[PDB]
file model.cif (mmCIF, N, CA and C atoms)
data_protein
loop_
_atom_site.label_atom_id
_atom_site.label_comp_id
_atom_site.auth_asym_id
_atom_site.auth_seq_id
_atom_site.Cartn_x
_atom_site.Cartn_y
_atom_site.Cartn_z
N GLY A 1 80.15 -88.22 -216.64
CA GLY A 1 80.87 -88.82 -217.79
C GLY A 1 79.98 -88.97 -219.02
N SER A 2 80.54 -89.53 -220.10
CA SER A 2 79.85 -89.74 -221.39
C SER A 2 78.70 -90.76 -221.32
N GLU A 3 77.77 -90.67 -222.28
CA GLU A 3 76.57 -91.53 -222.39
C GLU A 3 76.24 -91.91 -223.85
N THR A 4 75.54 -93.04 -224.01
CA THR A 4 75.01 -93.56 -225.29
C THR A 4 73.47 -93.41 -225.33
N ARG A 5 72.88 -93.38 -226.53
CA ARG A 5 71.43 -93.31 -226.81
C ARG A 5 71.09 -94.12 -228.07
N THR A 6 69.81 -94.41 -228.29
CA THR A 6 69.32 -95.29 -229.37
C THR A 6 68.58 -94.48 -230.44
N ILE A 7 69.26 -94.24 -231.57
CA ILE A 7 68.72 -93.55 -232.76
C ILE A 7 67.74 -94.47 -233.53
N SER A 8 66.89 -93.87 -234.38
CA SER A 8 65.93 -94.57 -235.24
C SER A 8 66.28 -94.46 -236.73
N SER A 9 66.06 -95.55 -237.47
CA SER A 9 66.11 -95.63 -238.94
C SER A 9 64.82 -96.26 -239.49
N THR A 10 63.72 -96.11 -238.75
CA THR A 10 62.41 -96.75 -239.00
C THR A 10 61.30 -95.72 -238.81
N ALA A 11 61.03 -95.32 -237.56
CA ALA A 11 60.09 -94.26 -237.19
C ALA A 11 60.59 -92.87 -237.65
N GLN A 12 61.88 -92.57 -237.46
CA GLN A 12 62.50 -91.34 -237.96
C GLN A 12 62.72 -91.37 -239.49
N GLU A 13 62.84 -92.56 -240.10
CA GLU A 13 62.93 -92.69 -241.56
C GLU A 13 61.57 -92.45 -242.24
N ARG A 14 60.49 -93.08 -241.76
CA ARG A 14 59.16 -93.02 -242.42
C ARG A 14 58.62 -91.59 -242.51
N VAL A 15 58.88 -90.76 -241.48
CA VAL A 15 58.49 -89.34 -241.49
C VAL A 15 59.16 -88.54 -242.61
N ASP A 16 60.29 -89.01 -243.16
CA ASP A 16 60.91 -88.34 -244.31
C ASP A 16 60.06 -88.47 -245.60
N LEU A 17 59.52 -89.67 -245.87
CA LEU A 17 58.84 -89.98 -247.14
C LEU A 17 57.51 -89.23 -247.25
N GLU A 18 56.75 -89.19 -246.15
CA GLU A 18 55.53 -88.39 -246.01
C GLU A 18 55.80 -86.88 -246.04
N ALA A 19 56.98 -86.40 -245.61
CA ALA A 19 57.38 -85.00 -245.79
C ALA A 19 57.67 -84.66 -247.27
N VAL A 20 58.30 -85.57 -248.03
CA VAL A 20 58.49 -85.44 -249.49
C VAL A 20 57.15 -85.53 -250.24
N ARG A 21 56.22 -86.37 -249.77
CA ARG A 21 54.84 -86.43 -250.26
C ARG A 21 54.13 -85.08 -250.10
N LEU A 22 54.26 -84.41 -248.96
CA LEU A 22 53.74 -83.05 -248.76
C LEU A 22 54.51 -82.00 -249.54
N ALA A 23 55.82 -82.09 -249.72
CA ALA A 23 56.52 -81.20 -250.65
C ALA A 23 55.90 -81.31 -252.07
N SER A 24 55.45 -82.51 -252.44
CA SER A 24 54.70 -82.75 -253.68
C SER A 24 53.28 -82.16 -253.64
N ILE A 25 52.54 -82.21 -252.51
CA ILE A 25 51.20 -81.60 -252.47
C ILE A 25 51.28 -80.06 -252.40
N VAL A 26 52.30 -79.52 -251.73
CA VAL A 26 52.55 -78.08 -251.63
C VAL A 26 52.92 -77.51 -252.99
N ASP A 27 53.78 -78.15 -253.80
CA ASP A 27 54.01 -77.75 -255.19
C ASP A 27 52.69 -77.63 -255.99
N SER A 28 51.78 -78.59 -255.81
CA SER A 28 50.44 -78.57 -256.42
C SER A 28 49.61 -77.36 -255.96
N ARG A 29 49.81 -76.88 -254.73
CA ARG A 29 49.20 -75.64 -254.20
C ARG A 29 49.92 -74.37 -254.65
N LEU A 30 51.25 -74.37 -254.78
CA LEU A 30 51.99 -73.22 -255.31
C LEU A 30 51.66 -72.96 -256.79
N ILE A 31 51.43 -74.02 -257.58
CA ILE A 31 50.90 -73.94 -258.95
C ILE A 31 49.39 -73.61 -258.94
N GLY A 32 48.65 -74.12 -257.95
CA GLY A 32 47.19 -74.06 -257.86
C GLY A 32 46.63 -72.69 -257.48
N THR A 33 47.33 -72.00 -256.58
CA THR A 33 46.97 -70.64 -256.13
C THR A 33 48.16 -69.79 -255.65
N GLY A 34 49.25 -70.41 -255.15
CA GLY A 34 50.49 -69.70 -254.77
C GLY A 34 50.74 -69.52 -253.27
N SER A 35 49.88 -70.10 -252.43
CA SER A 35 50.00 -70.11 -250.97
C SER A 35 49.24 -71.29 -250.36
N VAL A 36 49.83 -71.90 -249.32
CA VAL A 36 49.24 -73.00 -248.54
C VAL A 36 48.51 -72.43 -247.32
N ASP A 37 47.39 -73.04 -246.93
CA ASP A 37 46.66 -72.74 -245.69
C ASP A 37 46.47 -74.02 -244.87
N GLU A 38 46.25 -73.90 -243.55
CA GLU A 38 46.12 -75.07 -242.67
C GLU A 38 45.02 -76.04 -243.12
N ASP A 39 43.90 -75.51 -243.63
CA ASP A 39 42.77 -76.31 -244.11
C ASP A 39 43.08 -77.08 -245.40
N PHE A 40 44.11 -76.68 -246.16
CA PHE A 40 44.60 -77.45 -247.30
C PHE A 40 45.44 -78.66 -246.85
N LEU A 41 46.30 -78.51 -245.83
CA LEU A 41 47.26 -79.54 -245.40
C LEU A 41 46.70 -80.58 -244.42
N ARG A 42 45.69 -80.26 -243.61
CA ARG A 42 45.03 -81.26 -242.73
C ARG A 42 44.43 -82.45 -243.51
N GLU A 43 44.12 -82.25 -244.79
CA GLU A 43 43.64 -83.30 -245.72
C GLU A 43 44.76 -84.13 -246.36
N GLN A 44 46.03 -83.82 -246.09
CA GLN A 44 47.19 -84.39 -246.80
C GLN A 44 48.14 -85.18 -245.90
N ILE A 45 48.08 -84.95 -244.57
CA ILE A 45 48.94 -85.61 -243.58
C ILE A 45 48.94 -87.12 -243.77
N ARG A 46 47.79 -87.77 -243.58
CA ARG A 46 47.47 -89.18 -243.89
C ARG A 46 48.27 -90.25 -243.14
N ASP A 47 49.36 -89.84 -242.49
CA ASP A 47 50.25 -90.68 -241.67
C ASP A 47 50.77 -89.95 -240.42
N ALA A 48 50.95 -88.63 -240.51
CA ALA A 48 51.48 -87.80 -239.43
C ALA A 48 50.42 -87.14 -238.54
N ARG A 49 50.84 -86.76 -237.33
CA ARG A 49 50.07 -85.93 -236.39
C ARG A 49 50.01 -84.49 -236.89
N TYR A 50 51.16 -83.88 -237.18
CA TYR A 50 51.27 -82.44 -237.46
C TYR A 50 52.08 -82.17 -238.74
N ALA A 51 51.60 -81.32 -239.66
CA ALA A 51 52.38 -80.83 -240.80
C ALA A 51 52.75 -79.34 -240.61
N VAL A 52 53.91 -78.91 -241.11
CA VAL A 52 54.50 -77.58 -240.87
C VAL A 52 55.11 -77.01 -242.15
N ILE A 53 54.95 -75.69 -242.37
CA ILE A 53 55.30 -74.99 -243.62
C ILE A 53 56.36 -73.91 -243.45
N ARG A 54 57.37 -73.93 -244.32
CA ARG A 54 58.39 -72.88 -244.49
C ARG A 54 58.53 -72.54 -245.98
N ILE A 55 57.57 -71.78 -246.51
CA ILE A 55 57.63 -71.22 -247.88
C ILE A 55 58.21 -69.80 -247.82
N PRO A 56 59.21 -69.43 -248.65
CA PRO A 56 59.73 -68.06 -248.68
C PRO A 56 58.66 -67.06 -249.18
N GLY A 57 58.56 -65.91 -248.52
CA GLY A 57 57.62 -64.83 -248.85
C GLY A 57 56.21 -64.95 -248.25
N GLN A 58 55.92 -66.01 -247.48
CA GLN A 58 54.64 -66.18 -246.77
C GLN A 58 54.83 -66.74 -245.34
N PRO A 59 53.88 -66.52 -244.41
CA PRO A 59 54.03 -66.91 -243.00
C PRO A 59 53.98 -68.43 -242.80
N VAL A 60 54.63 -68.90 -241.72
CA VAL A 60 54.59 -70.30 -241.27
C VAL A 60 53.15 -70.74 -240.94
N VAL A 61 52.78 -71.92 -241.45
CA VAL A 61 51.53 -72.64 -241.11
C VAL A 61 51.89 -73.91 -240.32
N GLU A 62 51.08 -74.26 -239.32
CA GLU A 62 51.24 -75.46 -238.48
C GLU A 62 49.87 -76.15 -238.31
N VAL A 63 49.76 -77.40 -238.76
CA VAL A 63 48.53 -78.20 -238.81
C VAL A 63 48.39 -79.09 -237.57
N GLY A 64 47.17 -79.48 -237.19
CA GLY A 64 46.92 -80.41 -236.08
C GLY A 64 47.10 -79.76 -234.71
N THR A 65 48.28 -79.89 -234.10
CA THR A 65 48.62 -79.23 -232.81
C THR A 65 50.14 -79.00 -232.72
N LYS A 66 50.59 -77.99 -231.97
CA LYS A 66 52.02 -77.76 -231.72
C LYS A 66 52.62 -78.89 -230.86
N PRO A 67 53.76 -79.49 -231.26
CA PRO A 67 54.43 -80.56 -230.53
C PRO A 67 55.27 -80.08 -229.34
N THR A 68 55.52 -81.02 -228.41
CA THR A 68 56.13 -80.71 -227.09
C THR A 68 57.67 -80.73 -227.06
N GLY A 69 58.29 -81.62 -227.84
CA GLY A 69 59.75 -81.86 -227.85
C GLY A 69 60.09 -83.36 -227.96
N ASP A 70 59.27 -84.20 -227.32
CA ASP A 70 59.28 -85.66 -227.48
C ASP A 70 58.55 -86.07 -228.77
N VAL A 71 59.12 -85.63 -229.90
CA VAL A 71 58.58 -85.82 -231.25
C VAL A 71 59.68 -86.15 -232.27
N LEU A 72 59.28 -86.84 -233.34
CA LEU A 72 60.05 -87.13 -234.56
C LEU A 72 59.85 -86.00 -235.56
N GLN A 73 60.85 -85.68 -236.38
CA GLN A 73 60.73 -84.64 -237.41
C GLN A 73 61.12 -85.14 -238.81
N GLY A 74 60.18 -85.15 -239.75
CA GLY A 74 60.41 -85.38 -241.18
C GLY A 74 60.59 -84.05 -241.90
N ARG A 75 61.36 -83.99 -243.00
CA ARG A 75 61.73 -82.72 -243.66
C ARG A 75 62.08 -82.88 -245.14
N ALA A 76 61.59 -81.96 -245.96
CA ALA A 76 61.74 -81.96 -247.42
C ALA A 76 61.89 -80.55 -248.02
N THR A 77 62.40 -80.50 -249.26
CA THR A 77 62.48 -79.29 -250.09
C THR A 77 61.57 -79.48 -251.31
N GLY A 78 60.68 -78.52 -251.56
CA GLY A 78 59.72 -78.57 -252.66
C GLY A 78 60.23 -77.98 -253.98
N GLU A 79 59.39 -78.07 -255.02
CA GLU A 79 59.77 -77.78 -256.40
C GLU A 79 59.71 -76.29 -256.81
N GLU A 80 59.17 -75.37 -256.00
CA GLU A 80 59.28 -73.92 -256.23
C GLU A 80 60.34 -73.27 -255.31
N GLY A 81 61.07 -74.08 -254.55
CA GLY A 81 62.14 -73.68 -253.63
C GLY A 81 61.71 -73.51 -252.18
N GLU A 82 60.55 -74.07 -251.80
CA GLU A 82 60.00 -74.07 -250.45
C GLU A 82 60.55 -75.20 -249.57
N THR A 83 60.20 -75.20 -248.28
CA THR A 83 60.58 -76.23 -247.30
C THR A 83 59.34 -76.72 -246.55
N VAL A 84 59.26 -78.04 -246.38
CA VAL A 84 58.18 -78.76 -245.68
C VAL A 84 58.76 -79.52 -244.49
N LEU A 85 58.05 -79.51 -243.37
CA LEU A 85 58.40 -80.27 -242.16
C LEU A 85 57.16 -81.02 -241.64
N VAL A 86 57.38 -82.17 -241.01
CA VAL A 86 56.34 -83.06 -240.47
C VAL A 86 56.72 -83.48 -239.06
N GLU A 87 55.77 -83.55 -238.12
CA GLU A 87 56.04 -83.93 -236.73
C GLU A 87 55.07 -85.01 -236.20
N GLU A 88 55.63 -85.97 -235.48
CA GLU A 88 54.97 -87.18 -234.96
C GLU A 88 55.39 -87.46 -233.50
N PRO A 89 54.56 -88.09 -232.65
CA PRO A 89 54.94 -88.44 -231.28
C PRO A 89 56.09 -89.47 -231.23
N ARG A 90 57.04 -89.26 -230.32
CA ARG A 90 58.20 -90.13 -230.06
C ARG A 90 57.93 -91.15 -228.94
#

call {"tool": "encode", "arguments": {"input": "model.cif", "output": "structure tokens"}}
result
Amino acid sequence: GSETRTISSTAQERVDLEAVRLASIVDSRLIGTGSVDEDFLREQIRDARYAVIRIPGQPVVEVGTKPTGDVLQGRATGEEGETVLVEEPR
């Protein structure tokens, strides 16, 4: 039969703001040189375990370590039309 579960508006909310903060640092890199690298984003996390990149026309970057599935996901859209994702332990 059917089941209930407990959603977050605290731990799952905070990962959004730090993902918009990285959409802001990635814009500074798209203006700065035009591509992000893992060694640029490991200095910008500041709250998260892992940062993740979806910029059109360049390959995916993943910072820190790959997550298992028991993780929170923060997500943003940047100012040159890119996408940023952030991952934290659940």

call {"tool": "select_by_dssp", "arguments": {"input": "model.cif", "residues": "chain A", "states": "strand (DSSP E)", "output": "list in words"}}
result
residues 50, 51, 52, 53, 54, 71, 72, 73, 74, 75, 76, 77, 83, 84, 85, 86, 87, 88 and 89 of chain A

call {"tool": "residues_around", "arguments": {"input": "model.cif", "residues": "residue 36 (chain A)", "least_positions_apart": "4", "cutoff": "9 Å", "atoms": "only C-alpha atoms", "output": "PDB file with N, CA and C atoms, in the frame of the given file"}}
result
ATOM      1  N   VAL A  26      52.300 -79.520-251.730  1.00  0.00           N
ATOM      2  CA  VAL A  26      52.550 -78.080-251.630  1.00  0.00           C
ATOM      3  C   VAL A  26      52.920 -77.510-252.990  1.00  0.00           C
ATOM      4  N   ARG A  29      49.810 -76.880-254.730  1.00  0.00           N
ATOM      5  CA  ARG A  29      49.200 -75.640-254.200  1.00  0.00           C
ATOM      6  C   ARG A  29      49.920 -74.370-254.650  1.00  0.00           C
ATOM      7  N   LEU A  30      51.250 -74.370-254.780  1.00  0.00           N
ATOM      8  CA  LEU A  30      51.990 -73.220-255.310  1.00  0.00           C
ATOM      9  C   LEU A  30      51.660 -72.960-256.790  1.00  0.00           C
ATOM     10  N   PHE A  40      44.110 -76.680-246.160  1.00  0.00           N
ATOM     11  CA  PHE A  40      44.600 -77.450-247.300  1.00  0.00           C
ATOM     12  C   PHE A  40      45.440 -78.660-246.850  1.00  0.00           C
ATOM     13  N   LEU A  41      46.300 -78.510-245.830  1.00  0.00           N
ATOM     14  CA  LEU A  41      47.260 -79.540-245.400  1.00  0.00           C
ATOM     15  C   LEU A  41      46.700 -80.580-244.420  1.00  0.00           C
ATOM     16  N   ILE A  53      54.950 -75.690-242.370  1.00  0.00           N
ATOM     17  CA  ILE A  53      55.300 -74.990-243.620  1.00  0.00           C
ATOM     18  C   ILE A  53      56.360 -73.910-243.450  1.00  0.00           C
ATOM     19  N   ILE A  55      57.570 -71.780-246.510  1.00  0.00           N
ATOM     20  CA  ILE A  55      57.630 -71.220-247.880  1.00  0.00           C
ATOM     21  C   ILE A  55      58.210 -69.800-247.820  1.00  0.00           C
ATOM     22  N   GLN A  58      55.920 -66.010-247.480  1.00  0.00           N
ATOM     23  CA  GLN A  58      54.640 -66.180-246.770  1.00  0.00           C
ATOM     24  C   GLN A  58      54.830 -66.740-245.340  1.00  0.00           C
ATOM     25  N   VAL A  61      52.780 -71.920-241.450  1.00  0.00           N
ATOM     26  CA  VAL A  61      51.530 -72.640-241.110  1.00  0.00           C
ATOM     27  C   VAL A  61      51.890 -73.910-240.320  1.00  0.00           C
TER      28      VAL A  61
END

call {"tool": "residues_around", "arguments": {"input": "model.cif", "residues": "residue 79 (chain A)", "least_positions_apart": "2", "cutoff": "9 Å", "atoms": "only C-alpha atoms", "output": "ChimeraX atom specification"}}
result
/A:23-24,26-27,77,81-82

call {"tool": "write_last_selection", "arguments": {"input": "model.cif", "atoms": "N, CA and C atoms", "output": "PDB file, in the frame of the given file"}}
result
ATOM      1  N   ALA A  23      55.820 -82.090-249.720  1.00  0.00           N
ATOM      2  CA  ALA A  23      56.520 -81.200-250.650  1.00  0.00           C
ATOM      3  C   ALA A  23      55.900 -81.310-252.070  1.00  0.00           C
ATOM      4  N   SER A  24      55.450 -82.510-252.440  1.00  0.00           N
ATOM      5  CA  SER A  24      54.700 -82.750-253.680  1.00  0.00           C
ATOM      6  C   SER A  24      53.280 -82.160-253.640  1.00  0.00           C
ATOM      7  N   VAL A  26      52.300 -79.520-251.730  1.00  0.00           N
ATOM      8  CA  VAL A  26      52.550 -78.080-251.630  1.00  0.00           C
ATOM      9  C   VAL A  26      52.920 -77.510-252.990  1.00  0.00           C
ATOM     10  N   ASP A  27      53.780 -78.150-253.800  1.00  0.00           N
ATOM     11  CA  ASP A  27      54.010 -77.750-255.190  1.00  0.00           C
ATOM     12  C   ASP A  27      52.690 -77.630-255.990  1.00  0.00           C
ATOM     13  N   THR A  77      62.400 -80.500-249.260  1.00  0.00           N
ATOM     14  CA  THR A  77      62.480 -79.290-250.090  1.00  0.00           C
ATOM     15  C   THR A  77      61.570 -79.480-251.310  1.00  0.00           C
ATOM     16  N   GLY A  81      61.070 -74.080-254.550  1.00  0.00           N
ATOM     17  CA  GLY A  81      62.140 -73.680-253.630  1.00  0.00           C
ATOM     18  C   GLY A  81      61.710 -73.510-252.180  1.00  0.00           C
ATOM     19  N   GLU A  82      60.550 -74.070-251.800  1.00  0.00           N
ATOM     20  CA  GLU A  82      60.000 -74.070-250.450  1.00  0.00           C
ATOM     21  C   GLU A  82      60.550 -75.200-249.570  1.00  0.00           C
TER      22      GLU A  82
END

call {"tool": "resolve_selection", "arguments": {"input": "model.cif", "expression": "the PyMOL selection byres (((chain A and resi 12 and name CA) around 12) and name CA)", "output": "PyMOL selection string"}}
result
chain A and resi 6-11+13-19+48+71-75+86-90

call {"tool": "closest_residue", "arguments": {"input": "model.cif", "among": "A:37, A:70, A:78, A:84", "to": "residue 51 (chain A)", "atoms": "only C-alpha atoms"}}
result
A:84

call {"tool": "residues_around", "arguments": {"input": "model.cif", "residues": "residue 64 (chain A)", "least_positions_apart": "6", "cutoff": "7 Å", "atoms": "all atoms listed in the file", "output": "PyMOL selection string"}}
result
chain A and resi 42+49-51

call {"tool": "atom_distance", "arguments": {"input": "model.cif", "atom1": "CA of residue 83 (chain A)", "atom2": "CA of residue 65 (chain A)"}}
result
19.0 Å

call {"tool": "axis_aligned_box", "arguments": {"input": "model.cif", "around": "region 42-45 of chain A", "padding_each_side": "4 Å", "output": "JSON"}}
result
{"center_x": 46.3, "center_y": -83.7, "center_z": -244.8, "size_x": 13.3, "size_y": 14.9, "size_z": 12.1}

call {"tool": "closest_residue", "arguments": {"input": "model.cif", "among": "A:68, A:2, A:59, A:52", "to": "residue 85 (chain A)", "atoms": "only N, CA and C atoms"}}
result
A:52

call {"tool": "closest_residue", "arguments": {"input": "model.cif", "among": "A:31, A:3, A:22, A:69", "to": "residue 45 (chain A)", "atoms": "all atoms listed in the file"}}
result
A:22
